[PDB]
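Asker: Got a file for you: upload16.pdb, PDB, C-alpha atoms (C1' of nucleotides).
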```pdb
ATOM      1  CA  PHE A   1       7.368 -50.352  15.867
ATOM      2  CA  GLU A   2       6.486 -47.593  18.308
ATOM      3  CA  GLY A   3       9.719 -48.111  20.210
ATOM      4  CA  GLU A   4      11.613 -47.552  16.974
ATOM      5  CA  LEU A   5       9.656 -44.354  16.365
ATOM      6  CA  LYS A   6       9.936 -43.132  19.953
ATOM      7  CA  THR A   7      13.716 -43.258  19.601
ATOM      8  CA  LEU A   8      13.655 -40.985  16.551
ATOM      9  CA  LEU A   9      11.628 -38.271  18.261
ATOM     10  CA  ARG A  10      14.015 -38.465  21.205
ATOM     11  CA  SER A  11      17.093 -37.445  19.258
ATOM     12  CA  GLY A  12      16.709 -37.904  15.511
ATOM     13  CA  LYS A  13      15.777 -34.882  13.449
ATOM     14  CA  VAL A  14      12.177 -34.845  12.230
ATOM     15  CA  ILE A  15      10.013 -32.719   9.940
ATOM     16  CA  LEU A  16       6.339 -31.956  10.573
ATOM     17  CA  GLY A  17       4.002 -30.506   7.959
ATOM     18  CA  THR A  18       3.498 -31.559   4.352
ATOM     19  CA  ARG A  19       4.503 -28.243   2.800
ATOM     20  CA  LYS A  20       8.039 -28.343   4.177
ATOM     21  CA  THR A  21       8.673 -32.016   3.478
ATOM     22  CA  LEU A  22       6.943 -31.858   0.101
ATOM     23  CA  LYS A  23       9.086 -28.831  -0.679
ATOM     24  CA  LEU A  24      12.080 -30.770   0.565
ATOM     25  CA  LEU A  25      11.285 -34.248  -0.740
ATOM     26  CA  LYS A  26      11.228 -33.207  -4.390
ATOM     27  CA  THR A  27      14.862 -32.183  -3.844
ATOM     28  CA  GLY A  28      15.596 -35.715  -2.643
ATOM     29  CA  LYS A  29      16.977 -34.706   0.749
ATOM     30  CA  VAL A  30      14.899 -36.804   3.147
ATOM     31  CA  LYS A  31      15.796 -40.111   4.767
ATOM     32  CA  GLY A  32      12.199 -41.320   4.823
ATOM     33  CA  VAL A  33       8.553 -40.351   5.122
ATOM     34  CA  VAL A  34       5.683 -42.106   6.914
ATOM     35  CA  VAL A  35       2.087 -41.193   6.068
ATOM     36  CA  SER A  36      -1.082 -42.076   7.923
ATOM     37  CA  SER A  37      -4.096 -43.378   6.033
ATOM     38  CA  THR A  38      -5.862 -40.031   6.415
ATOM     39  CA  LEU A  39      -3.879 -38.093   3.807
ATOM     40  CA  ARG A  40      -5.997 -36.315   1.229
ATOM     41  CA  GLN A  41      -5.840 -38.436  -1.900
ATOM     42  CA  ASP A  42      -4.797 -35.443  -4.016
ATOM     43  CA  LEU A  43      -1.365 -35.571  -2.375
ATOM     44  CA  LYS A  44      -0.917 -39.302  -1.804
ATOM     45  CA  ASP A  45      -0.145 -39.957  -5.465
ATOM     46  CA  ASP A  46       2.313 -37.064  -5.573
ATOM     47  CA  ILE A  47       4.190 -38.549  -2.628
ATOM     48  CA  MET A  48       4.079 -41.928  -4.343
ATOM     49  CA  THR A  49       5.038 -40.317  -7.644
ATOM     50  CA  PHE A  50       7.812 -38.378  -5.935
ATOM     51  CA  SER A  51       8.761 -41.508  -3.991
ATOM     52  CA  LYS A  52      10.264 -43.203  -7.039
ATOM     53  CA  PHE A  53      12.109 -40.106  -8.244
ATOM     54  CA  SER A  54      14.873 -40.570  -5.684
ATOM     55  CA  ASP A  55      13.907 -43.950  -4.154
ATOM     56  CA  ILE A  56      13.138 -42.830  -0.605
ATOM     57  CA  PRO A  57      11.600 -45.631   1.497
ATOM     58  CA  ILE A  58       8.001 -44.963   2.507
ATOM     59  CA  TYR A  59       5.997 -46.654   5.253
ATOM     60  CA  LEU A  60       2.211 -46.573   5.010
ATOM     61  CA  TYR A  61       0.548 -45.898   8.359
ATOM     62  CA  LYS A  62      -2.897 -47.405   8.831
ATOM     63  CA  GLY A  63      -3.653 -44.711  11.407
ATOM     64  CA  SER A  64      -4.775 -41.100  11.177
ATOM     65  CA  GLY A  65      -2.982 -37.870  11.930
ATOM     66  CA  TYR A  66      -4.052 -38.138  15.570
ATOM     67  CA  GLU A  67      -2.426 -41.387  16.619
ATOM     68  CA  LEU A  68       0.494 -40.340  14.448
ATOM     69  CA  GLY A  69       0.440 -37.008  16.263
ATOM     70  CA  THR A  70      -0.344 -38.661  19.589
ATOM     71  CA  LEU A  71       2.784 -40.730  19.083
ATOM     72  CA  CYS A  72       4.414 -37.540  17.827
ATOM     73  CA  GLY A  73       3.151 -35.984  21.054
ATOM     74  CA  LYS A  74       2.001 -32.768  19.430
ATOM     75  CA  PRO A  75      -1.561 -31.971  20.571
ATOM     76  CA  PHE A  76      -2.663 -31.537  16.955
ATOM     77  CA  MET A  77      -2.529 -34.161  14.241
ATOM     78  CA  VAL A  78       0.274 -34.633  11.743
ATOM     79  CA  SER A  79      -0.723 -35.827   8.301
ATOM     80  CA  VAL A  80       2.832 -36.749   7.279
ATOM     81  CA  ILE A  81       6.306 -36.952   8.796
ATOM     82  CA  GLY A  82       9.630 -35.919   7.267
ATOM     83  CA  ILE A  83      12.971 -37.425   8.292
ATOM     84  CA  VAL A  84      16.443 -36.055   7.600
ATOM     85  CA  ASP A  85      18.294 -37.879  10.404
ATOM     86  CA  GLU A  86      17.600 -41.441  11.481
ATOM     87  CA  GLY A  87      19.886 -40.762  14.431
ATOM     88  CA  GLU A  88      20.061 -44.047  16.310
ATOM     89  CA  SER A  89      16.765 -45.672  15.341
ATOM     90  CA  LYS A  90      16.492 -48.680  13.024
ATOM     91  CA  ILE A  91      13.573 -47.591  10.859
ATOM     92  CA  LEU A  92      15.037 -46.776   7.432
ATOM     93  CA  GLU A  93      15.298 -50.417   6.339
ATOM     94  CA  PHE A  94      11.503 -50.694   6.498
TER      95      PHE A  94
ATOM     96  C1'   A B   1     -14.118  -3.615   2.348
ATOM     97  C1'   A B   2     -15.184  -7.909   3.046
ATOM     98  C1'   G B   3     -14.549 -12.476   0.925
ATOM     99  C1'   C B   4     -11.716 -15.708  -1.771
ATOM    100  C1'   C B   5      -7.242 -16.863  -3.913
ATOM    101  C1'   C B   6      -0.899 -16.264  -4.850
ATOM    102  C1'   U B   7       4.081 -16.622  -2.957
ATOM    103  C1'   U B   8       7.157 -16.394   1.530
ATOM    104  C1'   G B   9       6.987 -17.913   6.209
ATOM    105  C1'   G B  10       7.187 -21.548   9.985
ATOM    106  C1'   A B  11       3.804 -22.287  15.589
ATOM    107  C1'   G B  12       1.426 -26.018  21.192
ATOM    108  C1'   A B  13       1.117 -26.672  26.730
ATOM    109  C1'   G B  14      -0.197 -22.828  22.966
ATOM    110  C1'   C B  15      -0.967 -19.108  19.496
ATOM    111  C1'   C B  16      -4.740 -16.145  15.606
ATOM    112  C1'   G B  17      -9.411 -14.064  15.744
ATOM    113  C1'   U B  18     -14.627 -12.963  16.174
ATOM    114  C1'   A B  19     -20.708  -9.472  17.515
ATOM    115  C1'   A B  20     -21.174 -14.357  17.910
ATOM    116  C1'   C B  21     -19.873 -19.208  16.023
ATOM    117  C1'   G B  22     -14.650 -20.266  15.433
ATOM    118  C1'   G B  23      -9.201 -20.835  12.570
ATOM    119  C1'   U B  24      -4.874 -23.331  13.392
ATOM    120  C1'   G B  25       0.652 -28.540  11.326
ATOM    121  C1'   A B  26      -4.222 -30.108   5.599
ATOM    122  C1'   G B  27       0.328 -24.306   7.414
ATOM    123  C1'   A B  28      -1.780 -20.378  12.242
ATOM    124  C1'   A B  29       1.011 -15.965  13.113
ATOM    125  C1'   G B  30       3.684 -11.935  10.320
ATOM    126  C1'   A B  31       5.372 -10.129   5.683
ATOM    127  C1'   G B  32       4.705  -9.081   0.808
ATOM    128  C1'   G B  33       0.593  -9.391  -3.486
ATOM    129  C1'   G B  34      -4.071 -10.593  -7.142
ATOM    130  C1'   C B  35      -8.981 -10.781  -8.333
ATOM    131  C1'   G B  36     -11.570  -7.378  -6.923
ATOM    132  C1'   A B  37     -19.346  -3.793  -4.252
ATOM    133  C1'   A B  38     -21.648   0.184  -2.833
ATOM    134  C1'   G B  39     -20.292   4.212  -3.156
ATOM    135  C1'   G B  40     -16.867   8.471  -3.442
ATOM    136  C1'   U B  41     -13.633  11.957  -6.176
ATOM    137  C1'   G B  42     -12.441  14.530 -11.194
ATOM    138  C1'   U B  43     -14.856  15.638 -15.730
ATOM    139  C1'   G B  44     -19.468  17.051 -17.982
ATOM    140  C1'   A B  45     -20.210  22.179 -15.728
ATOM    141  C1'   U B  46     -16.493  29.876 -17.978
ATOM    142  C1'   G B  47     -23.754  26.109 -19.562
ATOM    143  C1'   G B  48     -27.628  26.293 -17.145
ATOM    144  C1'   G B  49     -29.920  26.411 -11.809
ATOM    145  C1'   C B  50     -30.548  29.727  -6.759
ATOM    146  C1'   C B  51     -31.353  33.754  -4.520
ATOM    147  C1'   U B  52     -30.767  38.749  -5.089
ATOM    148  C1'   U B  53     -29.468  44.445  -6.176
ATOM    149  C1'   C B  54     -30.429  48.244  -9.454
ATOM    150  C1'   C B  55     -31.657  50.728 -13.882
ATOM    151  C1'   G B  56     -35.028  50.229 -17.235
ATOM    152  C1'   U B  57     -40.019  50.045 -16.698
ATOM    153  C1'   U B  58     -42.917  49.687 -24.243
ATOM    154  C1'   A B  59     -38.597  46.801 -24.995
ATOM    155  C1'   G B  60     -35.553  44.989 -22.072
ATOM    156  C1'   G B  61     -30.721  46.181 -19.724
ATOM    157  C1'   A B  62     -26.368  45.834 -15.869
ATOM    158  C1'   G B  63     -24.187  43.456 -11.434
ATOM    159  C1'   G B  64     -23.435  40.530  -6.808
ATOM    160  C1'   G B  65     -22.579  36.394  -4.464
ATOM    161  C1'   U B  66     -23.986  31.295  -4.515
ATOM    162  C1'   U B  67     -18.264  29.451   1.049
ATOM    163  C1'   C B  68     -16.133  27.219   4.891
ATOM    164  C1'   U B  69     -15.928  23.642   9.358
ATOM    165  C1'   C B  70     -18.499  19.854  11.795
ATOM    166  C1'   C B  71     -22.758  16.104  13.684
ATOM    167  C1'   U B  72     -26.542  12.552  13.609
ATOM    168  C1'   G B  73     -28.515   9.364  10.005
ATOM    169  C1'   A B  74     -32.430   5.782   7.285
ATOM    170  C1'   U B  75     -37.816   0.590   6.868
ATOM    171  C1'   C B  76     -33.044   3.624   0.927
ATOM    172  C1'   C B  77     -28.450   0.211  -1.007
ATOM    173  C1'   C B  78     -23.839  -3.962  -1.122
ATOM    174  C1'   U B  79     -21.184  -7.035   1.816
ATOM    175  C1'   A B  80     -20.368 -10.304   4.600
ATOM    176  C1'   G B  81     -20.631 -13.968   7.915
ATOM    177  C1'   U B  82     -24.008 -17.590  11.099
TER     178        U B  82
END
```
If you convert what's in this file into structure tokens, what do you get?
Answerer:
Amino acid sequence: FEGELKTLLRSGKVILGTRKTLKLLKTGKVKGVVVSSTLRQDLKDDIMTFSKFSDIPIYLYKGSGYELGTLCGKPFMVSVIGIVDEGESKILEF
RNA sequence: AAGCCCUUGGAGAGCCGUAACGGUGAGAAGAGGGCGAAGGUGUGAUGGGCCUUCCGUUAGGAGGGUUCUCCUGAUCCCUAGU
């Protein structure tokens, strides 16, 4: 799993921050979004509600923003991740 | 004027910011805004109030000015944090 992700950060385009991806996702212009378990529940439904409006695959992450951000490498946590380019990884099928 | 909210915005190997604690990807910075204390300023107030000149000196009568620039300052308030 992590190897697949580590490839995306290497070259594939990524989006960090809910506001941008949530702005973007409603327009149906994202390859995929992965969310850690630590998302505030007020937004989780909206993602799930907006998930079916253009059928964008979503992976649920059991982790928090930290390990997601630790894998992301940013010192601070990331609640969600936005993708507009899979690049060369093999994640989208998930 | 703080605080708290609205868009935009997009930043970390660091940035924002405090008297202090802190805030920051859950959107910081910066731009625009909104709700919005105390107070303050106009008006009320060509009326009185304050001092004062003089003549009248019973009875009263007639004028003058009442500005400007600055400072500290409450245990008297509201406003915030912690």
Asker: Assuming the chain letters and numbering stay as they are in my file, what does the PyMOL selection byres ((chain A) within 8 of (chain B)) actually select? List them as a PyMOL selection string.
Answerer: chain A and resi 16-19+40+74-79
Asker: Quote the spacing between atom CA of residue 10 of chain A and atom CA of residue 80 of chain A in Å to one decimal place.
Answerer: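 Rounded to one decimal, the two atoms are 17.9 Å apart.
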Asker: I need the output of the PyMOL selection byres ((chain B and resi 63) around 9) for this file as a list in words; which residues are they?
Answerer: residues 53, 54, 62 and 64 of chain B
Asker: If we count all atoms listed in the file and set the cut-off at 12 Å, which residues sit around segment 37-43 of chain B, ignoring sequence neighbours fewer than 5 positions away in its own chain? Please answer as JSON, numbers by chain.
Answerer: {"B": [1, 2, 3, 77, 78, 79, 80]}
Asker: Separation of atom CA of residue 32 of chain A and atom CA of residue 64 of chain A, in Å?
Answerer: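 Separation between atom CA of residue 32 of chain A and atom CA of residue 64 of chain A: 18.1 Å.
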Asker: Find the distance between atom CA of residue 22 of chain A and atom CA of residue 47 of chain A and write it in Å to one decimal.
Answerer: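 One can read the atom CA of residue 22 of chain A to atom CA of residue 47 of chain A distance as 7.7 Å.
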Asker: With the file shown as input, list the residues that the PyMOL selection byres ((chain B and resi 82) around 12) selects, as an MDAnalysis selection string.
Answerer: chainID B and resid 18:22 80:81
Asker: Calculated over all atoms listed in the file, which of the candidates A:93, A:86, A:42, A:2 has the smallest distance to residue 61 of chain A?
Answerer: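 Checking each of A:93, A:86, A:42, A:2 against residue 61 of chain A, counting all atoms listed in the file, the winner is A:2.
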Asker: Using only C-alpha atoms (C1' of nucleotides), which protein or nucleic acid residues come within 9 Å of residue 28 of chain B? Drop anything in the same chain fewer than 4 positions from it, and give the result as a ChimeraX atom specification.
Answerer: /B:11,15-16,23-24
Asker: Box time for segment 41-59 of chain B: axis-aligned, enclosing all its listed atoms, 3 Å extra on each side; report centre and edge lengths in Å to one decimal, as AutoDock Vina command-line options.
Answerer:
```
--center_x -27.7 --center_y 31.3 --center_z -14.8 --size_x 36.5 --size_y 44.8 --size_z 26.5
```
Asker: From the options A:67, A:13, A:90, A:6, which residue's atoms come nearest to residue 35 of chain A, counting all atoms listed in the file?
Answerer: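 Of A:67, A:13, A:90, A:6, the one nearest residue 35 of chain A, counting all atoms listed in the file, is A:67.
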Asker: Between A:9, A:50, A:83, A:88, which is the closest to residue 30 of chain A once you count all atoms listed in the file?
Answerer: A:83
